[PDB]
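Data first, discussion second: the structure below is written as structure tokens.
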Amino acid sequence: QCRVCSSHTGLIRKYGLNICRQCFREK
Amino acid sequence: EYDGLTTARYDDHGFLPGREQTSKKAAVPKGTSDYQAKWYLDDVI
Amino acid sequence: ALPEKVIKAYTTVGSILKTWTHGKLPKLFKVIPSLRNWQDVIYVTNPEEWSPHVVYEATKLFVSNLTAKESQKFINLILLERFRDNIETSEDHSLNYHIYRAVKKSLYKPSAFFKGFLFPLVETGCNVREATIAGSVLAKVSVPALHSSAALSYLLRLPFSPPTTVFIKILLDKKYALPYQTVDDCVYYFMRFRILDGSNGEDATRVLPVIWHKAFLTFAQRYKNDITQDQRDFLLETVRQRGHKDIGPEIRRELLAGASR
Amino acid sequence: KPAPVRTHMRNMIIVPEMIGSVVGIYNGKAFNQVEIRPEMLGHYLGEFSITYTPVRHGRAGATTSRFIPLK
Amino acid sequence: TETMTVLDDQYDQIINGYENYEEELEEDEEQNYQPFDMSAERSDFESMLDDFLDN
Amino acid sequence: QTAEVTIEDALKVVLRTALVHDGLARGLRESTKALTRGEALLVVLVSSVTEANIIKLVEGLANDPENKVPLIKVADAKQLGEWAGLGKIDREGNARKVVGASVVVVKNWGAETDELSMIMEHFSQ
RNA sequence: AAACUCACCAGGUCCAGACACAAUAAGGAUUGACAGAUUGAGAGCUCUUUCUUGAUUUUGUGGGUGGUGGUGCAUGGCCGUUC
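For the record, the sequence lines run as chains A, B, C, D, E and F. Using UniProt numbering, the final residue of the first sequence is 46, and nothing's skipped along the way. Using UniProt numbering, the final residue of the second sequence is 409, and nothing's skipped along the way. UniProt numbering puts the third sequence at residues 205 to 401, 403 to 466. Using UniProt numbering, the final residue of the fourth sequence is 142, and nothing's skipped along the way. Using UniProt numbering, the final residue of the fifth sequence is 405, and nothing's skipped along the way. Using UniProt numbering, the final residue of the sixth sequence is 142, and nothing's skipped along the way.
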């Protein structure tokens, strides 16, 4: 995530960008 | 009768009664945890 | 320029004790302070990037083993970047196990606590809450009062900080006596607002959050006698231009009533 | 019959030499008493485990404890 | 009411060493600026080391 | 061992006044045992003896003057117990009471390096 | 997918009293560069049985300084989000 949410589902450790699979169409 | 029942007087919309039909079988080998006792020597007759 | 008998001991150390679980440990990392060259000790500590076990019990490399001059250990600088980690290097900013188990009971010689592995705090940059965190250090293990008038004569000579007055809060229920070269340090604190024609300057408004209401409160606690007595109205500008309502009349009594120490 | 001395792994191999002694062996918690003989050859001491209250496919009575009585 | 009360003016004289901490740090440093040894690290220093490279 | 006059003016003026430091270690269990186990490099004694069951065997180091062996005595008995740690730590606001001792065993000296160790080599002439 | 991963488990202990004064506080309170016993299902740790100790700190206690309990309540910009 980037600190403007409490994002707990679909979490990301990949590649340091912290943008979810559900956040390619949001973030 | 206090010990000759299966269900308390809650009939009068609640429980289907859970029947615990005791059909025990022996535990022959040595050493038992919580688990392995009932799957020791099951002579399924 | 060193022989290769000793160079070939401290390069492949990241193969054995990376995952410290059990066993009887090898004997070429503990022998670093056994080397009489202690230029080769304090910098070959690998200070800040470890995996397993380090904030409370067991870092005592020079506290009570040796004297209290060179590694007099703890609170500012050399390991600041690990002291600033686990309050600031996660989004929840909480505590865990690598930042729990093996430093903070270094205090068994607390004369080996105030120069030499971390200490020189309020001179060259420090935020509001790093003797509040070390208030847990100074309020879960012992503190002398020998250093209390070494942390009242010294800390107020310097540029200003909230951790100084946090030390004041931790260290003026010790109730052990004031040297008279010291008492003038804490008081120059509220006067400089008006000009008579003492006539004052530009450094007018000093305000800080809640531990400032809890910590000037520590220099306003109990006594009346052992100050330089002219400094009463110097501190009564908390009722005069900063007037208080709730806990107001429970402040002003460092200077009014009790028999001093 | 000697004493049930405990042993708590799943990839350790016993060698047959020791006719006449007893060791208790890991089954998940407890220590199965084994009078150690040449009657085990290179197979795991921690193979002594089928660790569950048994799989209810013929008498499904503990599945009846998860269902819904309902008000 | 501290009055001498040894030794409050110095508190055994580790009281000036926080402002000039790198000036009382030299009150022990100059004596032991030492080069390297193989015989004075330990006496049998070629006997009490090799416990590491073989796990 | 014990203290001279110009170590009266060392001990009373410095160590007995060093009420925060108290760098001394005081006879019912251990100072003739400090003539047994071997952990006494400096001893400081007492001569207002009335607490002295072992001190009558510590005073084998009072009336036998190794020559670090100085022997001339001081008076006050409960010095550490009445001031400095074995009891009363009557100091800047304290008022305590624990029964103390009379037989100092100094091993180690801090910053006061050779202001305290004047009991070394200056009597046996 | 291997024990770790991996969010759970079958059994153990390194460790909690600071701040004041109260019992002992330097005859060992409690400290450590070490020698053993060390093992709980496999460990480092302890100092009763070499000796650093250095004034400091041991404990039945409570305000709570310790918010390294923040879930926060919104408040101040700032950009996923809603337009």
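For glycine and all other residues, C-beta sits at the position ideal for the given N, C-alpha and C.
Consider the Cβ of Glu99 (chain F): report whether some Cβ of chain E lies at a distance smaller than 9 Å. no
With distances taken between CB atoms, is the gap from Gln384 (chain E) to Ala128 (chain F) smaller than 9 Å? no
Judging by CA-CA distance, which residue of F:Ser65, F:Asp39, F:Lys29, F:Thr23 is the nearest neighbour of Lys105 (chain F)? F:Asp39
To which residues of the same chain is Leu32 (chain F) closer than 7 Å at the C-beta, ignoring the five residues directly before and after it? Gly40, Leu41, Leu133
Taking a contact to mean a Cβ-Cβ separation below 9 Å, would you say residue 190 (chain C) touches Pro367 (chain C) in this structure? The first residue shown for chain C is 205 and the last is 466, placing residue 190 (chain C) beyond what the model contains.
List the endpoints of the continuous alpha helix (DSSP H) containing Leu239 (chain C). Run containing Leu239 (chain C): none; DSSP gives neither H nor E here.
Spatial distance of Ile365 (chain E) from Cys42 (chain A) (CA atoms): 59 Å
Comparing alpha-carbon positions, which option in C:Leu283, C:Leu299, C:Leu284, C:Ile282 lies nearest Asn290 (chain C)? C:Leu299
Helix, strand or coil: which one does DSSP assign to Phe317 (chain C)? coil
One or two residues paired with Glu374 (chain E) in a DSSP bridge: According to DSSP, which records beta bridges pairwise, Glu374 (chain E) is partnered with nothing at all.
Give me the Cβ distance between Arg43 (chain F) and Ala118 (chain F), rounded to the nearest whole Å; I'm assuming they're in contact under 8 Å. 4 Å
Cβ-Cβ separation, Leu440 (chain C) to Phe394 (chain C) (assumed contact under 8 Å), whole Å: 6 Å
Quick one: list the residues of chain E neighbouring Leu311 (chain C), beta-carbon separation under 8 Å, in chain order. Result: empty, since nearest Cβ-Cβ is about 16 Å, beyond 8 Å.
Sequence ranges, alpha helix (DSSP H) only - wholly within the region 415-456 of chain C, length at least 4: 416-420, 442-445
Which residue marks the beginning of the beta strand (DSSP E) containing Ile107 (chain D), and which one marks its end? 102-107
Alpha carbon to alpha carbon, what distance is there between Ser397 (chain B) and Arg81 (chain D)? 16 Å
Using beta-carbon positions only, say whether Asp406 (chain B) and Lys389 (chain B) come within less than 9 Å of one another. yes
Are the beta-carbon atoms belonging to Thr369 (chain C) and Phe424 (chain C) less than 9 Å from one another? yes
Interface residues of chain B around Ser136 (chain D) at Cβ under 9 Å? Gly382
Pick out whichever of C:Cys330, C:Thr386, C:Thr328 has its Cα sitting closest to the Cα of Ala354 (chain C). C:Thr386
Using a beta-carbon distance below 9 Å, is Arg458 (chain C) in contact with chain F? no
Pairing CB atoms from the region 390-399 of chain E with CB atoms from the region 20-32 of chain F, are three or more of them under 8 Å? no
Let me make sure I understand the geometry here. Which of F:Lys95, F:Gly102, F:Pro87, F:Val123 has the alpha-carbon closest to that of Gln142 (chain F)? F:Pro87
So what's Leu59 (chain F) in DSSP terms, helix, strand or just coil? strand
Please return the same chain residues whose Cβ sits closer than 7 Å to the Cβ of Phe102 (chain D), not counting the five positions on each side in sequence. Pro75, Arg77, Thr78, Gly95, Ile96
Residue span of the beta strand (DSSP E) that contains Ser340 (chain C), given as start and end: Looking at the DSSP string, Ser340 (chain C) is not in any beta strand (DSSP E); the run it does join, the alpha helix (DSSP H), is 337-341.
Just to confirm before moving on: does the CB-CB distance between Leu357 (chain E) and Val37 (chain F) stay below 9 Å? yes
Less than 7 Å between C-beta atoms, sequence neighbours within five positions excluded: which residues of the same chain meet that for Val116 (chain F)? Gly98, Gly104
Beta carbon of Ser465 (chain C) nearer than 9 Å to that of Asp431 (chain C): yes
Report the CB separation of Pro324 (chain C) from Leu281 (chain C) in whole angstroms; it is logged as a contact under 8 Å. 6 Å
Candidates D:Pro87, D:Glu110, D:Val93: which alpha carbon is nearest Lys72 (chain D)'s? D:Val93
CB contact below 9 Å: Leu59 (chain F) versus chain E: no
Identify every run of the beta strand (DSSP E) within the region 33-116 of chain F, keeping only runs that are complete inside it and at least 3 residues long; order them along the chain. 59-61
Would you tell me roughly how many angstroms separate the C-alpha atoms of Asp378 (chain E) and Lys273 (chain C), rounded to the nearest one? 8 Å
CB-CB under 6 Å to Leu356 (chain C), same chain, minus the five flanking residues each way: which ones, in chain order? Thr386
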